[PDB]
Amino acid sequence: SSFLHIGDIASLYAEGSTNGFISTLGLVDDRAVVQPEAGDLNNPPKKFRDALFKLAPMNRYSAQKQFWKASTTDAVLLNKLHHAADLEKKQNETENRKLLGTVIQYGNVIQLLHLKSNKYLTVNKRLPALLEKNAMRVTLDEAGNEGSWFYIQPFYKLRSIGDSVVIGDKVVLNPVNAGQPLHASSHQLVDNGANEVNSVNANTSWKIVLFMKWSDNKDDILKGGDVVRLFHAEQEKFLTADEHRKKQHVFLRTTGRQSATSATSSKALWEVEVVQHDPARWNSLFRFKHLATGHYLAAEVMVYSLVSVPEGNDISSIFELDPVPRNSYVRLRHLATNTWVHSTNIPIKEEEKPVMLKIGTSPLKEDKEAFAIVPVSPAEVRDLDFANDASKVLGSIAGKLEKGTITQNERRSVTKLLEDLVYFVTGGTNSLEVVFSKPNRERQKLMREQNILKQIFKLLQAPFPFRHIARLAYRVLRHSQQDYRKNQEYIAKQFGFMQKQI
Ligand SMILES: O=P(O)(O)O[C@@H]1[C@H](O)[C@H](O)[C@@H](OP(=O)(O)O)[C@H](OP(=O)(O)O)[C@H]1O
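In case it helps, the deposited numbering puts the sequence shown at residues 6 to 75, 82 to 203, 205 to 293, 299 to 318, 351 to 372, 382 to 406, 408 to 490, 495 to 527, 548 to 585.
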């Protein structure tokens, strides 16, 4: 019939006493859950981009595990030991590419890679779980290890070991050595209607719901869920979505640089929706979800004009393309109205020499009004993500301590976070006993444009114990303004509202 393969991207739907898709709480918190009322089979989850896993072959963790004994006075042995762990780490890559597309058989030993987080689902053999007492702590480690090996074995005996894994099949994922099989909990988390998944012998069956077949040539083809910017040919501007006069507007943004492709911005990024029937994987139609906010793109009331819509369902949010390949230069057409996108010069307004030029549409098909489908790096997408996290972590904490007390569990994570931010913004140099400390521009223009910095200030403040909070945030500030003349101006203005207490 139809089988599962190495490379297929699927979701895993629990079918025990608790049901749900496995998912993360983000790129800050390394825990795995089934949010049961978030989505079923019939009604798929809202942020279903987070319940997607790739099926990976068995990874090699021998020389890499050796190297994780940094028990040594000697340096050359350490450089010896690492060189292996890097050779091995690349030997995996070589081989896993060969095993691409091969049918998984029951009782092979695959790893399950989380797409959105890019971490490996992992049993930690020598731990308790956090919410459940007996069960082992299943986490998401980045590089993986021996406890990320899983025997994929059949739940009901309708099929058996050796037999090829068909789509939909209920399986038990069982760790190779790490002990007990994966199990979706009966315990809701303290903070989130979210059940903690862990490793303990229980009668949970995992439904394998295929999303995208192992045929997604990239970066080679535009397919659903790619993140791209839409640059303008003639106007030389990126399609952007932000607010003006408290109103969300879609526009081409005016730049003041000597390079048009350099004007890169997070608010310019869009997720692709290669429209399907069942929620799954050049002749059919597309919807553009604004990677920052979550709202989609549509043209309503030139007969029409492009603006954001809060939900991507209405037949307005759907577009068509005209000359699919990566980095294509297309002319896009609005379906429900049959019109060709067009850019204007009347901007939005109160500003002196503004930047937000309005975009509408026209029944006349042009030639110059072409948009470049500039592919965004997957890493950059995760930077928006690992930063959006920081905004909502401090979103709760700076709200929680602004009107009372926080728990002893919260300090330990925000202090952790404010350490992670230091490790991020300097492109993984700084952190403690340092050696060097040199900044990163992407993350800077991201500390700001995603309001990490806005949070920091609305955190320090207790208006009308800290030895590792303030001025820890101020060391983060100290980093994010480095040689950055625009961020300097921002932190100077933000410090203007900060002193306003007196
Ligand atoms: O180097 P400076 O003079 O301090 O200012 C930077 C740059 O020269 C532009 O003014 C601006 O890009 P735009 O022209 O596109 O606004 C940019 O913002 P960005 O780096 O956040 O894009 C600033 O950081």
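Yeah, the Cβ is synthetic: ideal placement off N, Cα and C, and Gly gets one too.
In the DSSP annotation of this structure, residue 581 is not part of any beta strand (DSSP E); the continuous alpha helix (DSSP H) holding it starts and ends at 568-581.
Taking the Cβ of residue 512 as the reference point, at least one heavy atom of ligand 1 falls within a distance shorter than 8 Å. The beta carbon of residue 581 lies closer than 8 Å to those of 520, 523, 524 in the same chain, with the five residues before and after it left out. By the Cβ criterion, the region 218-228 is not in contact with the region 267-275, since fewer than three pairs of Cβ atoms, one from each stretch, lie closer than 8 Å. It is roughly 27 Å from the alpha-carbon of residue 268 to the alpha-carbon of residue 447. DSSP, reduced to helix, strand and coil, places residue 519 within a helical segment of the structure shown. For residue 117, the secondary structure class from DSSP, reduced to helix, strand or coil, is coil. For residue 351, there is no enclosing alpha helix (DSSP H), as DSSP gives it neither H nor E. The DSSP-derived three-state label of residue 122 is strand. Taking each of 102, 130, 266 in turn and checking the Cα distance to residue 410, the smallest one comes out for 266. Straight through space, the alpha carbons of residue 247 and residue 430 are spaced by roughly 10 Å.
Set against 8 Å, the gap from the CB of residue 506 to the closest heavy atom of ligand 1 is not smaller.
In the pairwise beta carbon analysis, the region 435-445 is classified as touching the region 501-512: at least three pairs are separated by under 8 Å.
Per DSSP, the continuous beta strand (DSSP E) segment holding residue 27 begins and ends at 24-29. Assigned with DSSP and collapsed to three states, residue 110 falls in coil, not helix or strand. Between the alpha carbons of residue 212 and residue 154 lies a gap of roughly 23 Å. Per DSSP, the unbroken beta strand (DSSP E) holding residue 254 starts and ends at 251-256. Under the three-state reduction of DSSP, residue 456 is assigned to helix.
In this structure, DSSP gives residue 437 a helical state, which the three-state scheme calls helix.
In the displayed model, residue 278 falls within a helix according to three-state DSSP.
Between the alpha carbons of residue 400 and residue 427 lies a gap of roughly 9 Å.
Leaving aside the five residues that flank residue 370 on each side, the residues in its chain whose CB is nearer than 6 Å to its CB run, in chain order, 388, 390.
Counting only residues of its own chain and dropping the five nearest sequence neighbours on each side, residue 61 has a CB closer than 8 Å to the CB of 11, 107, 121, 122, 123, 124, 131. For ligand 1, a non-hydrogen atom lies closer than 8 Å to the CB of residue 568. Straight across, the Cα-Cα distance linking residue 8 with residue 92 is about 40 Å. In the DSSP assignment, residue 469 falls within the unbroken alpha helix (DSSP H) covering 467-484. For residue 277, the CB falls within less than 8 Å of some heavy atom of ligand 1. Rounded to the nearest whole angstrom, the C-alpha separation of residue 585 and residue 146 is 53 Å. Closest by C-alpha distance to residue 103, out of 65, 74, 134, is 65. In terms of side-chain proximity, the C-beta atom of residue 137 is found no nearer than 8 Å to any non-hydrogen atom of ligand 1.
According to DSSP, residue 225 shares a beta bridge with no other residue. Within the DSSP secondary-structure output, residue 207 pairs in a beta bridge with 39, 199.
With a cutoff of 9 Å on beta-carbon distance, residue 236 and residue 318 are scored as not near each other.
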